[PDB]
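Since the structure comes first, as structure tokens, the remarks are kept for the end.
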Amino acid sequence: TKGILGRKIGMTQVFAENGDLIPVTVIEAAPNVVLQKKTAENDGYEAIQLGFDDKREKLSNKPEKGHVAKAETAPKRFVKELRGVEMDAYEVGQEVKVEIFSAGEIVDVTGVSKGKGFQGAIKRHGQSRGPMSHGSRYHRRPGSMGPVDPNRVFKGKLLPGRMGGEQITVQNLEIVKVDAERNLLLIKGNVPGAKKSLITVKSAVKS
Amino acid sequence: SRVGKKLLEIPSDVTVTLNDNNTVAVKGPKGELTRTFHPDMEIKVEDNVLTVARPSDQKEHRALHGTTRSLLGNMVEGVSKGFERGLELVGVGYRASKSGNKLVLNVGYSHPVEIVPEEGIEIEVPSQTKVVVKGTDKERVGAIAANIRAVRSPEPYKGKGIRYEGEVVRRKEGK
Amino acid sequence: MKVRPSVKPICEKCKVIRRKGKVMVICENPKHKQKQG
Amino acid sequence: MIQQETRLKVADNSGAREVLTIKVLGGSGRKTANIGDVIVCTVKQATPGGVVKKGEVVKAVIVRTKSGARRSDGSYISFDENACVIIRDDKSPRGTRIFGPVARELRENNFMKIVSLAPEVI
RNA sequence: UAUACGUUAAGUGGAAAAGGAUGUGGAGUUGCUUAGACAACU
RNA sequence: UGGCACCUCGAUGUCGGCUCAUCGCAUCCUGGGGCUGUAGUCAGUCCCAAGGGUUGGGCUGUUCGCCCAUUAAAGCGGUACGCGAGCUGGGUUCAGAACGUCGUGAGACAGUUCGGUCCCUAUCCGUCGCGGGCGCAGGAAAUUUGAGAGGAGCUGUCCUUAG
RNA sequence: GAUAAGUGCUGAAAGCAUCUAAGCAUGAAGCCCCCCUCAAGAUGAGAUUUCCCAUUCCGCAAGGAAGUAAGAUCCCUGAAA
Ligand SMILES: [K+]
Ligand SMILES: [Mg+2]
Ligand SMILES: [Mg+2]
Ligand SMILES: [Mg+2]
Ligand SMILES: [Mg+2]
Ligand SMILES: [Mg+2]
Ligand SMILES: [Mg+2]
Ligand SMILES: [Mg+2]
Ligand SMILES: [Mg+2]
Ligand SMILES: [Mg+2]
Ligand SMILES: [Mg+2]
Ligand SMILES: [Zn+2]
């Protein structure tokens, strides 16, 4: 398992050698730093803790500075763990760079989907409307809440509520290009989240 | 039980040991076999003369008696003479080969089929249309022989497929 | 396989057995396989 | 995007002038057909004395659409009309001449007779 | 978590019939049996 | 389809459709099998299996049914013949009018026909989202394990094996 | 991985036979996982890293009160919310 944290920069397109036009997402990943190695002995499981995006001193507090002191690095805005990693191949303070990936590699990309606020059953759950004419007074409503017998609504009757802003993984994306000089990943297709949002790129779990 | 009452005369070069847990080990030329038996079964070895004794005449005990004798009888003959089951390939193009320690069967599929014998069993292939399983344990030989026959069981219209040696395949008329 | 409440020998060669607390008839003739149910 | 009730021009000399789409083939709930897809249709307008006659239920392949088709190289092709060609089950056209340009996509779907007959294959 | 003597292996007990069955316990009758039975072996 | 008349007449709103589903398995498709009067391709029948899936139209108020064209399949039932404080209001049983028929008649159906008001600002539980409080034997900032819960679960055609 | 129907291997009870009684396998879109998401109020409130540090009052103690540390909030500029 490989992984790296980055920021979503946006989308563009790239022509392949055979002429195909491939849409790509640009992910900017300034070298990550290993902040802590968790072990089965001490922690109960194996994981690597990656810090990304150096935060201004003023914005960092004292507990944060102490935690990153062992790694000998500036405080990091984003800290995440990776499980399933080769523990011995990593050391606290090691920088993880985009060049762990190569063009053509298959990765999973995790992020938080863009928020949509309070959305109805139609938009939020892709339900059907009622008729718009022929006397109908039922247009964007969520449908019958259920049968009479239970004298209550079953759990999981889908209804309006806040939409978006959930963690979402897209699987089996192809790495198109790795720009080591600029710390960029070109991934084929699109990934969850607004621009500048944190993105995690891991080696595909179904590989 | 008639079967359980019988007494097994151990051949000269076979050794039978036990750990007072009814775990009869039986060393011999072909190999060694171990088998834990039901606690309430008196197993006696008096100078190459094995006998099992039932403590009380009762359904459960009567069954275990005959079985324990039967299984012991196989362990002794196993390490001495050993057991073997023969299979026959019938059908045009059906053939068997041995790629090292793996039986390869071309039985009319789009791929070859590979059986890896488990430890303790050997699969000889004298001809291409005759397979021979060999081993010390009678169970394992039967198990492996069944696995091989299962690859292409004999069908009733022409008899094609792996059959046991001298299996009476029930034939039918096609058209 | 015949799955019926009335499992009986159909011919002389049929044998009634009890596997897994279930009455069964096995026979050389495959048409005579029966299991009670 | 051809669907039920879509009317198409016929781009051949089979005798049908206009057909109405009865059903898009090739999957249970399939809503829309595009260039290269086969549809079941009825002949709504026919040429007098043609092989195909008004009211017949025929199969046709879509050779032109207003929506058009996107290509791997990132280009598109669109036409100003939706046109089809009456076909048999073996994919040969029932007419003898094809009129107007047809899309390159027919070569991928093995409508080779239609492609050869077309005055232009774009 | 009594005593004594038996039954059940089905969680039967804690849901139903005709019918089916080498389940098992208890009585009884009877065919054959060391002049050698049943089973298996020419 | 009935039998009974036990709850409801100081009101438990109807058939069909729409929106939203949920459950049973007596399984329509897909999966795994036994038998075949199963050569192959197909099928017949029985067993296991409820994970997912299970079409769009013409006619009719229709349910249903016939038909057209598809599909792997176009499953059968329960949930107040699920669902009108969620919608529709075409059918049916208010007042108008008319035909046939019956009546001396007012009127009526053993039959039709055209037209005809669908009220309610959600207190409680339930359901979908979002906060505040306290707790978790000091006060904080981060990163997390996963008891447990939800989601997903479908399938065609073609090429090859191979005529 | 464990199973259903099914297929069995060895095997007596019942000298034979038998998938079964002891024992050993195989075997489904189904079951438990694998995959995705939430999840310590899981009051059984878990674990790891880091930060702060034992103040001043009273009361005989128990305990109470007041300034603060680390840190956070009010308030303000906003949106990727
Ligand atoms: K009259
Ligand atoms: Mg309106
Ligand atoms: Mg209730
Ligand atoms: Mg009364
Ligand atoms: Mg009242
Ligand atoms: Mg009321
Ligand atoms: Mg069933
Ligand atoms: Mg109803
Ligand atoms: Mg209601
Ligand atoms: Mg009406
Ligand atoms: Mg209440
Ligand atoms: Zn028989």
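Chains as they are written, first to last, in the deposited numbering: chain D, 2 to 208; chain G, 2 to 176; chain 4, 1 to 37; chain K, 1 to 122.
Ideal Cβ positions, reconstructed from N, Cα and C, are used throughout, including at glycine.
Point to revise | Residues that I23 (chain D) bridges to, as DSSP identifies them | key: Against the first sequence, residue 23 (chain D) aligns to sequence position 22. The partner list for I23 (chain D) (beta bridge, DSSP) reads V15 (chain D).
Practice item. Report back the beta-carbon spacing between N173 (chain D) and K207 (chain D) to the nearest angstrom; my notes put them in contact at under 8 Å. Key: Your numbering for residue 173 (chain D) matches position 172 in the first sequence. Your numbering for residue 207 (chain D) matches position 206 in the first sequence. Their Cβ separation, rounded to whole angstroms, is 7 Å, which keeps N173 (chain D) and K207 (chain D) in contact under 8 Å.
Check your understanding: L51 (chain G) and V17 (chain G) look like a contact to me (Cβ under 8 Å); what is the Cβ gap, rounded to whole Å?
Key -> Stepping through the second sequence from its first residue, residue 51 (chain G) is reached at position 50. Stepping through the second sequence from its first residue, residue 17 (chain G) is reached at position 16. Indeed, because the Cβ distance is near 7 Å, the residues count as touching under 8 Å.
Point to revise | Segments assigned beta strand (DSSP E), at least 3 residues, entirely inside the region 108-152 of chain G | key: 114-116, 122-125, 132-136
Check your understanding: Which two residues bound the contiguous beta strand (DSSP E) that contains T68 (chain G)?
Key -> Residue mapping note: residue 68 (chain G) aligns to position 67 of the second sequence, counting from 1. Not the beta strand (DSSP E): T68 (chain G) falls in the alpha helix (DSSP H), residues 60-81.
Check your understanding: Hey, quick one: how far does the beta strand (DSSP E) through residue 212 (chain D) stretch, first residue to last?
Key -> Shown here, chain D extends from 2 to 208; a query on residue 212 (chain D) therefore has no answer.
Review point. Which residues share a DSSP beta bridge with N22 (chain G)?
Key: Numbered from its first residue, the second sequence carries residue 22 (chain G) at position 21. According to DSSP, which records beta bridges pairwise, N22 (chain G) is partnered with nothing at all.
Check your understanding: Under 8 Å, do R8 (chain D) and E29 (chain D) count as touching if we go by C-beta distance?
Key -> The residue labelled residue 8 (chain D) in the question sits at position 7 within the first sequence. The residue labelled residue 29 (chain D) in the question sits at position 28 within the first sequence. Their beta carbons are under 8 Å apart, which means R8 (chain D) touches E29 (chain D) by this criterion.
Exercise for review: Mind the definition here: the region 13-21 of chain D touches the region 63-80 of chain K only if three or more C-beta pairs lie below 8 Å; say whether that holds.
Suggested key: yes
Review point. Would a check of beta-carbon distances place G20 (chain D) closer than 8 Å to chain K?
Key: Reading the first sequence from its first residue, position 19 is the one you call residue 20 (chain D). So, interface residue.
Review point. With burial defined as no fewer than 16 other Cβ atoms inside 10 Å of the residue's Cβ, what is the status of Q59 (chain G): buried or exposed?
Key: As a first step, residue 59 (chain G) is located in the second sequence; it is residue number 58 there, counting from the start. When all chains shown are included, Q59 (chain G) counts as exposed.
Review point. For a contact meaning CB atoms closer than 7 Å, what does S72 (chain K) contact in chain D?
Key: Within the fourth sequence, the letter at position 72 stands for residue 72 (chain K). What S72 (chain K) touches in chain D: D21.
Check your understanding: Cβ atoms of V15 (chain G) and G29 (chain G): under 8 Å apart, would you say?
Key -> Position 28 of the second sequence, counted from the first residue, corresponds to residue 29 (chain G). Position 14 of the second sequence, counted from the first residue, corresponds to residue 15 (chain G). Going by C-beta atoms, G29 (chain G) is nearer than 8 Å to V15 (chain G).
**Study point:** Boundaries of the beta strand (DSSP E) in which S98 (chain G) is found, first to last residue
**Key:** As a first step, residue 98 (chain G) must be located in the second sequence, where it is residue number 97. Counting along the chain, the beta strand (DSSP E) containing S98 (chain G) begins and ends at 96-99.
Exercise for review: Mind the definition here: the region 37-45 of chain K touches the region 8-24 of chain K only if three or more C-beta pairs lie below 8 Å; say whether that holds.
Suggested key: yes
Check your understanding: Three-state secondary structure (DSSP) at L106 (chain G)?
Key -> Translated into positions along the second sequence, residue 106 (chain G) becomes position 105. It is a strand residue.
Check your understanding: In the DSSP assignment, what residue or residues form a beta bridge with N33 (chain D)?
Key -> Numbered from 1 along the first sequence, position 32 holds the residue referred to as residue 33 (chain D). Looking at the DSSP assignment, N33 (chain D) forms a beta bridge with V97 (chain D).
Exercise for review: Can you grab the Cα-Cα spacing for the pair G162 (chain G) / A26 (chain G), in whole Å?
Suggested key: As a first step, residue 162 (chain G) is located in the second sequence; it is residue number 161 there, counting from the start. As a first step, residue 26 (chain G) is located in the second sequence; it is residue number 25 there, counting from the start. In a straight line, the C-alpha of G162 (chain G) is about 38 Å away from that of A26 (chain G).
Practice item. Name the residue from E115 (chain G), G87 (chain G), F84 (chain G) whose alpha carbon lies nearest to the alpha carbon of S98 (chain G). Key: Along the second sequence, read from residue 1 onward, the residue named residue 98 (chain G) stands at position 97. The shortest C-alpha separation from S98 (chain G) is found at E115 (chain G).
Check your understanding: Would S198 (chain D) pass as a contact of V113 (chain D) if the rule is Cβ separation under 8 Å?
Key -> For the purposes of this step, residue 198 (chain D) is identified with residue 197 of the first sequence, where counting begins at 1. For the purposes of this step, residue 113 (chain D) is identified with residue 112 of the first sequence, where counting begins at 1. Yes, the pair counts as a contact, with Cβ atoms nearer than the cut-off.
Review point. DSSP three-state call for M88 (chain D): helix, strand or coil?
Key: Within the first sequence, residue 88 (chain D) is the residue found at index 87, counting from 1. In this structure, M88 (chain D) counts as helix in the three-state DSSP scheme.
Point to revise | Spatial neighbours of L106 (chain G) in its chain, beta-carbon cut-off 7 Å, leaving aside the 5 residues before and after | key: The residue given as residue 106 (chain G) occupies position 105 in the second sequence. For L106 (chain G), where only same-chain residues beyond five positions count, the Cβ hits under 7 Å are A97, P113, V114, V152.
**Study point:** Cβ contact (3+ pairs, closer than 8 Å) linking the region 78-87 of chain K and the region 7-17 of chain K
**Key:** yes
Practice item. Mark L88 (chain G) as exposed unless 16 or more other C-beta atoms lie within 10 angstroms of its C-beta, in which case mark it buried. Key: Within the second sequence, residue 88 (chain G) is the residue found at index 87, counting from 1. Buried, because 16 or more other Cβ atoms sit within 10 Å of the Cβ of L88 (chain G).
Check your understanding: Ordered along the chain, which non-local residues of its own chain (more than five positions away) have a Cβ less than 6 Å from that of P101 (chain K)?
Key -> Numbered from its first residue, the fourth sequence carries residue 101 (chain K) at position 101. Here the set comprises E120, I122.
Check your understanding: Whose beta carbon lies closer than 6 Å to any heavy atom of ligand 12, going through the chain in order?
Key -> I10 (chain 4), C11 (chain 4), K13 (chain 4), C14 (chain 4), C27 (chain 4), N29 (chain 4), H32 (chain 4)
**Study point:** Cα-Cα separation, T170 (chain D) to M164 (chain D)
**Key:** Within the first sequence, numbered from 1, the residue matching residue 170 (chain D) stands at position 169. Within the first sequence, numbered from 1, the residue matching residue 164 (chain D) stands at position 163. When rounded, the distance between both Cα atoms is 16 Å.
**Study point:** alpha helix (DSSP H) segment containing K124 (chain D), residue limits
**Key:** As a first step, residue 124 (chain D) is located in the first sequence; it is residue number 123 there, counting from the start. Start and end: 122-126.
Practice item. Determine the closest residue to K53 (chain K) out of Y76 (chain K), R104 (chain K), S78 (chain K), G95 (chain K), with distance taken between C-alpha atoms. Key: The residue labelled residue 53 (chain K) in the question sits at position 53 within the fourth sequence. The residue with the shortest Cα to Cα distance from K53 (chain K) is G95 (chain K).
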